[PDB]
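To begin, one chain is listed below as structure tokens, in the form deposited in one PDB entry.
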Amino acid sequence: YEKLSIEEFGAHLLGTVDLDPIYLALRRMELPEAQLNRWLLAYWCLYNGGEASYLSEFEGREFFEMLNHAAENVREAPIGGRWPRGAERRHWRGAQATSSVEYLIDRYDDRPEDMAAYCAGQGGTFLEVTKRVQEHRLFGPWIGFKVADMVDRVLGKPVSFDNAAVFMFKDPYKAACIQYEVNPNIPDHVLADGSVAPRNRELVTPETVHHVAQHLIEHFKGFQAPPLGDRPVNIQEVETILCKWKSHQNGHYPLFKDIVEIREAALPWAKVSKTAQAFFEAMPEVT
């Protein structure tokens, strides 16, 4: 496929809501609060939205029993075969996953819905929200970041991200370094010595990475952020644009990749769950 500039690639992610289609799907579903919180907990464990939908309809201790079936992954999933994991939570397996569920049972007993409620709180700083996520067993900084984004984009509670919270992560850091090297629309960055940062991803320092981020934010702020266009795009969406663009220019993100692969993974679940059928209908589509 043709490799696009980050400007054109970002504009496509934003206009099709391929940027983070799950967030629009969930907003469309308008799930009741407790079920939404159970959906989110399941999704934060397994990172599969159709699977999360199926699990979200179980309540109380029964929710935690079914989640425990997925953790152990010995019994057959309702779609046949094993209980899948999105690559982001591939490591939620074996004794680590069952210990993760046990932590949750001991903390929340018959109220699994309180987990997302506690994480979300009233929003807050990125530091405060990820700390509350990361209290939980097998919830590390990467899922912490994702939950913070979803507390804002899905649950509507603002979480203040800044450039340091994003570029402490290796992948958006490396994407920003490539962008300085290869994007002629980004001006030369003048460092603290009047020296100019050279166009070489391996020599880019944090200072230039923030220069790249500020440029891209300024570029994309004329777009309203998905799922529903409630505020101008900020570093939360630019982070996703940067990481998906890095995959794109590496040959690993054709247009619509997220939408297509979610719908592919979610369709088997629609047969076995009314919520999963609603989730499949709510997903944005190709073109």
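All residue numbers are counted from 1 along the displayed sequence. Here the rigid core means the biggest group of C-alpha atoms that line up within 1.5 Å when the two forms are laid on top of each other.
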item	value
Given 32-40 and 233-241, the range whose Cα B-factors average higher in the PDB entry	32-40
Per the entry, higher mean C-alpha B factor between 116-124 and 84-92	116-124
Among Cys177, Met150, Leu216, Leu191 - the residue whose C-alpha B-factor is largest in the record	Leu191
Maximum C-alpha temperature factor, selected from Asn200, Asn185, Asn73, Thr205	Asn73
CA B-factor ranking of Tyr108, expressed as a third of its chain	highest
Cα B factor band for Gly50 (lowest, middle or highest third within the chain)	lowest
Assigned third (lowest, middle, highest) for the C-alpha B factor of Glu7	lowest
Chain third (lowest, middle, highest) by recorded CA B-factor, residue given as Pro158	highest
Relative C-alpha B-factor of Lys170, binned into the chain's lowest, middle or highest third	middle
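Keep in mind that the form deposited in another entry is missing from the display, and what follows is about it.
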item: Rigid core superposition between this form and the one not shown: residue from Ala117, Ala77, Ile217, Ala197 with Cα shift of 2 Å or more; value: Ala197
item: Core-superposed C-alpha of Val166 shifting 2 Å or more between this form and the one not shown; value: yes
item: After fitting the core, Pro206 CA displacement of 2 Å or more between this form and the one not shown; value: yes
item: Note on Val166-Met150 C-alpha separation in the other form, which departs from the shown form by 3 angstroms or more; value: farther
item: CA-CA separation of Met150 and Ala164, closer or farther in the other form than in the form shown [shift of 3 angstroms or more]; value: closer
